[PDB]
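S.K.: Any chance you could fold what I've pasted below:
(12 chains)
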Amino acid sequence: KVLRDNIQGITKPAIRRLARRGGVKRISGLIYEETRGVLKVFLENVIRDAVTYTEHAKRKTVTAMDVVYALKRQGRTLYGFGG
Amino acid sequence: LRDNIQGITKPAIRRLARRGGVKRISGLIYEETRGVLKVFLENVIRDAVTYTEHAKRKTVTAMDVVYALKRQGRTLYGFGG
Amino acid sequence: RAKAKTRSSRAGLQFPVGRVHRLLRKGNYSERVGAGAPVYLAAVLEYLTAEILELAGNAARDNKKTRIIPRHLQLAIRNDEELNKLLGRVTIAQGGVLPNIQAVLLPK
Amino acid sequence: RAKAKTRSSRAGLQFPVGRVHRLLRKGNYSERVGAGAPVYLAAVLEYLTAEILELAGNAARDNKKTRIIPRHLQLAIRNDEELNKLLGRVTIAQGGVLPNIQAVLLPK
Amino acid sequence: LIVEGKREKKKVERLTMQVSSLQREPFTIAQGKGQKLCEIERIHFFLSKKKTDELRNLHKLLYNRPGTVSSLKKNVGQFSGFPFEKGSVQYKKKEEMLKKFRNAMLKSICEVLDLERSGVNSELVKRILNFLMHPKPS
Amino acid sequence: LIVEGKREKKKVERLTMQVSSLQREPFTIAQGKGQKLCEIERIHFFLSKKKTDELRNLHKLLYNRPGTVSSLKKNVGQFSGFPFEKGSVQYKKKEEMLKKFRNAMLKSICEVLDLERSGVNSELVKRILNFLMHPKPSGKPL
Amino acid sequence: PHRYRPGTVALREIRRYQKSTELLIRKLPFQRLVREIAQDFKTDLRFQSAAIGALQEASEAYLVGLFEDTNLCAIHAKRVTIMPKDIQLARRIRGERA
Amino acid sequence: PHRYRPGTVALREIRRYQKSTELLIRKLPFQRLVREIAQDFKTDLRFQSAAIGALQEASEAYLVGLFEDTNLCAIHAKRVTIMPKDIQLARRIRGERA
Amino acid sequence: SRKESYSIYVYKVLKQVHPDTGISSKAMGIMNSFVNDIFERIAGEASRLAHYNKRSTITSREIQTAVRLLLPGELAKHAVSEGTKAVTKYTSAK
Amino acid sequence: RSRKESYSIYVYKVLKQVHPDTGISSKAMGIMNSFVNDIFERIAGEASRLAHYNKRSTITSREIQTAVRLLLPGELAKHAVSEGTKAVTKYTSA
DNA sequence: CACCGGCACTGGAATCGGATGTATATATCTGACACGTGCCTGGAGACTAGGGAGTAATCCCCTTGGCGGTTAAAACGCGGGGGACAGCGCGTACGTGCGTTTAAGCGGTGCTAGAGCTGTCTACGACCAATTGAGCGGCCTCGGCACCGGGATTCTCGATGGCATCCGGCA
DNA sequence: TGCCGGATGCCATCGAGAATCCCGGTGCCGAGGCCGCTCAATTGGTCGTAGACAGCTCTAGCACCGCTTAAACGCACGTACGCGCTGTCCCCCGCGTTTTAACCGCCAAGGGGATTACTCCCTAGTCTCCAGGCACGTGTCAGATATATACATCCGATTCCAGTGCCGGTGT
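M.R.: Numbering: from 1, shown residues only, chains lettered A, B, ... in the order given. Next comes the structure:
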């Protein structure tokens, strides 16, 4: 199966909630597309690194260890998932 | 040796700013610049002195300085290593 | 053959000296490992863990709770200068954020 | 005995395979090192060096100069996206700064 | 796994902040489908006899801009009507600006334009607005 | 080398960008050593009959700030004179602002204040400036 | 007949969401997005639940940090509304772009 | 007497100093500052010349980068002069401040 | 099929400081990561220092320097005291 | 009196191949020597991690090939990997 | 047209006041954790054997003062213009609430793909001994670049002449 | 007493003066080639182990289906906040003169680095072996959930007036 048009799954109220956690009061109308683009870029980088890591191991399932290891490689260490 | 932070003269800070593209400079910038430079030098010198302490030496070599800079994520080229 | 005593008991520690020694020797760090390195490393780790746990427990007591949850750890780490500097680039799952609102946003 | 043939000549490289192999063996990276790793590492290093030097030579030629000085290396590094990404946190001594001025500061 | 040819070389994009837009001496008079208020001798005569404040209010009505006292008389005299037609968004936006003027200021504008000072606010508005589309010599 | 007791715990300092806004309104001017321009019936009568532009120029002279058209008449009527004396830096700074006004605007300000519209620029300046120190009811029946 | 002042509900939401700890994005759309992005690099890939959980946690933390920096930049310019220029400036200074 | 309008000489100096590569801080005062700072950590220390050279190069590069970021911050706020608030904001966003 | 953790040791330390306080399963997952993460940082720094001066062994001196390089001002001072006291006790009370 | 070790000659050999009539300065070689070393520690360190990562003992071309793709940016990774593959294939056949 | 009155509504600030959000106090309920038990394999104890580094000399670099002599940079005033800051007004674009749509989460049931484990060989890299030529320290030479000066081209910017809205008189 | 008047305050375009390139002449020190050698790389043979390959077993990730209900989606309105315009004054830029010490060219002395020699403790490598730590099972209590309640703000009625069209009415 082929997946298409899922970046629209990040609804505007979800972005509003994420912003409200950050302590903002007013959000302009053009923020949402920029936020979606930034999220897409970040996910692309992390997922590419994870896919390379799981490819070297000759496996077909992406483990949580690959994800935390890629995040560490990118300079964003994550705690609470076994590493 | 006392009051050596005054050696970084105002024209030197002006030239450093001009290298970065600044067109107009306020009057209170110089004190902040001196403080920032002092803090950075203190950190780097502390790390280099620790590195040269571990080797039981008495003269700080440039190699310790470049390796400290690498430790703080400020890798420097052209000075050996 | 005398009765065995663990090296942690000899050094008066709670962390395992033998396990740390085995991890150092199998970790591809050096060809040889001295006798006193695992004791030092275990002592440092125990001290750091004790400090963090004390701060988290104080926060949990302040929040009128008995058990410690990741939110308390996040508060304790983020409200201390040295710990914040040490763990500046670390994300804690289910940690949340520190309550902080800019003064300008607050209404008159 | 047969006449000696350097491994760099066998692989058609300019960088020394034996030197890289010795460095890998003595660098405490791993206890055993494969036969093909030095060839790969030498090829990668040679490719990167050639790629940087081509741009440096172009920049030096553009300035009516024959010999390469660190300013040319700085220009070549900062004017290429991939090399800039690779060397983001690297300082080059006597490198200077790329000439750039904000358009607002320009006179009317 | 073997790539042919050379490698494409991209150019680094540097973030530059917006420089905005500024004007020093626009000197702009959008010429409309009518006669200049300076050629209509009678309006030029009333325009010569009126105080600076009527002229400021008229320059604010015509060009939406506060006029410098020296330019003010020249800028109003060179007005040749509006370039837009009845019912345009600009026509509605001028009609509201006329409805927002005090009855005494509408009567002063009528006296600059040789329009009758009599009748209801809405008629003074309609009579000025028709005259500002097509300034006709009366 | 061995130390005694716990370490000293320090707090984290967070950056705050000072607003320098609100904290009351400075539009109201300080009460001077004289009668309010609203109690002087004759000045209140002239103030009621004068255009918004004379009132803008007078509010700029009194309080150094542009007045909102609704507040403008209230703000001028509540003026009770200046709190400073003859020769103060504030007196000199008002005298220059009066010298910088067009003769027609000084004659309009004299007519708001029941001052005589006759004489030289320097006398209109002196007569307005003496009146703005001590606003006196001129006794002249409406 | 009873309407709340603009800005009040914003502050209530800020105080509510600066205290809770759960995730703020629906799980299924995020899973679909991750699978769509990953399908380009390699086809027929399977994911563990913990992997998607870790990805969501890291993404939410990164977005929250970016929004906080954007708020600081927007406050710097004497405004309370955040605009894409603030996001671009924050990313440029942080070192995530040139 | 010939006199230039404010602004031209600044641009001329910007162009001049963005093209050359020599050091801008005199060597002796910087040497004295480095020795005074290093006094506190240990007495009677000795420094090779190359070490002081490396420290000077690092300090100049760091200050130039900081001033570039400060200029970006100041321009973002619709100004042309740099102020300490800009330095504070740049250091906060870069991560060198809590 | 055997998995190791710092579960018992973290609990032992917690009871020493707070006699009547518990801990959750999720809080422990974080504590295991924290202890491991510091372990690589100290060991990695100390491993380099041995290669640094052309040495083959890792002793307590290397760990002492590695701690001083990684920890902030006041934290490094007390951590060294804890290490020094433990080493002396182990050597004397052999 | 110890022998010193550097990559001065090989950078010169590469330079002659690309620009036959362009010289280099002593200060320039100082930067080039550090660059070659810096990349060497980055690639080897990443490859060293992967071996302990999958519970393996030897470092072969596959570890170096993966480490290259993790470090280099998009277009650099494609060409560098092809360059390494050509070298190993020629070496094996000979 | 003009001129007044009264028949018209009109919005700043101090004062109660309902509406709604929120923290507090019991009452149930459940599943997660702290504990107990069996077992098993990894740390402890007792040795041997070989080398890593600590100490001691020995020698020579190079760091630190110390001293003059220029001369370019730094410090101090002094005008003076332009940029930061405050105030004001206008317009439209987001915040808030309401009614209608939809798919997220939950619980449940199957299916089979591959992750992990174990067993078997076997080719490959560590190890050792004997050669030998590649690169490094040392030395010599010459031309590429740094000045240095004489012209040669260009970039601002404060003088010319101009263009009508003040100020204090005077017959 | 009201014009008269010019009369500063407001736009132009030099050419001067300064800044910036471009090319001829001279020197010098750093870059570019040779030489010897010795030590690091190469070559040939062994061997024991790490890794590739061939099954088995299950675990869990995927796939399909109601349902119920809370969140997402449009739509309207109005009010605040973004943005532009204007004025001011005070702060920083440009330039000339006087100090001031950095920079450069030698002398010298001694601390501290760098390099061998010996050796002697200190740590790797093996065999036992037994006890501390890890999987499995459990039951009860701390936290989650549900209402009922009292407390804390928050926003827009009131009003009120002080202000004000316009309406309507009149000898000029």
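
S.K.: contacts and neighbour counts: CA atoms only from here.
M.R.: Noted.

S.K.: What does residue G:48 show for phi and psi?
M.R.: Phi and psi for residue G:48, reported as degrees, to the nearest 10, are phi -80, psi 160.

S.K.: surely it meets residue A:65?
M.R.: No. Under the criterion of Cα atoms under 8 Å, residue G:48 is not in contact with residue A:65, lying 10.3 Å apart.

S.K.: Can you pick out the residue with more neighbours from those two?
M.R.: Counting neighbours by other Cα atoms under 10 Å in any protein chain shown for residue G:48 and for residue A:65 shows that residue A:65 has the greater number, 18 against 11.

S.K.: chain center to the host helix or strand of the more buried one, what's the gap?
M.R.: Using DSSP states H and E, the element containing residue A:65 is helix A:64-73. Chain-centre distance of helix A:64-73: 12 Å, with Cα atoms, centre = their mean, to the nearest Å.

S.K.: Within range of DNA strand L, give me the residues from chain C.
M.R.: Residues of chain C lying near DNA strand L by Cα under 7 Å from any atom of the strand: C:3-4, C:6, C:16, C:31-36, C:65-67.

S.K.: quick one, strands of the chain?
M.R.: Defaulting to chain A. A:26-27, A:61-62, A:77-79 (DSSP state E).

S.K.: Not quite, go with chain I.
M.R.: So, for chain I - with DSSP E - the strands run I:57-58.

S.K.: Run through the helices of the chain in chain order.
M.R.: Defaulting to chain A. Assigned by DSSP state H, chain A shows helices spanning A:12-21, A:31-56, A:64-73.

S.K.: You answered for a different chain; I wanted chain E.
M.R.: Going by DSSP H, chain E shows helices at E:41-49, E:52-63, E:69-77, E:89-99, E:103-112, E:121-133.

S.K.: got it, and chain C?
M.R.: C:7-11, C:17-26, C:37-62, C:70-78, C:81-86.

S.K.: re the thing from before, so which of the helices of chain E gets nearest residue G:9?
M.R.: helix E:89-99 (35.2 Å; Cα to Cα).

S.K.: What is the closest one packed up against?
M.R.: helix E:52-63, helix E:121-133 (3 or more Cα pairs under 8 Å, 6 or more residues apart in numbering or on different chains; DSSP states H and E).

S.K.: returning to what we had before: how about the helices of chain A, which one is nearest residue E:117?
M.R.: It's helix A:31-56; of the helices of chain A, that one is closest to residue E:117 (Cα to Cα) at 53.4 Å.

S.K.: Quick check: residues of chain E near DNA strand L?
M.R.: E:22, E:65, E:66, E:67, E:102, E:103, E:121.

S.K.: These, buried ones only, as a PyMOL selection?
M.R.: A single PyMOL command selects the buried members of the residues of chain E next to DNA strand L (16 or more other Cα atoms under 10 Å in any protein chain shown):
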select buried, chain E and resi 67+103+121
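
S.K.: can you redo the residues of chain E next to DNA strand L as a markdown table with distance to residue H:32?
M.R.: What follows is the residues of chain E next to DNA strand L, written out as a markdown table (distance: Cα to Cα, whole Å):
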| residue | distance to residue H:32 |
| --- | --- |
| E:22 | 50 |
| E:65 | 62 |
| E:66 | 61 |
| E:67 | 63 |
| E:102 | 75 |
| E:103 | 79 |
| E:121 | 83 |
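
S.K.: from the residues of chain E next to DNA strand L, which is closest to residue I:12?
M.R.: Among those, residue E:22 lies closest to residue I:12 (Cα to Cα), at 70.9 Å.

S.K.: Chain G versus whichever residue of chain C sits closest to chain F, what's the distance?
M.R.: Residue nearest to chain F within chain C (Cα to the nearest Cα): residue C:81, separated by 5.3 Å. Taking Cα to the nearest Cα, to the nearest Å as the measure, residue C:81 falls 19 Å from chain G.

S.K.: In space, what's closest to that residue - neighbours in sequence excluded?
M.R.: residue F:12 (5.3 Å; Cα to Cα, 6 or more residues apart in numbering or on different chains).

S.K.: One more: residue G:55?
M.R.: Going by Cα to Cα, 6+ apart, residue G:55 has residue A:67 as its nearest residue, at 7.1 Å.

S.K.: Buried deepest among the strands of chain A, which one?
M.R.: Most buried of those, by mean neighbour count (mean count of other Cα atoms under 10 Å in any protein chain shown): strand A:77-79, with a mean of 22.
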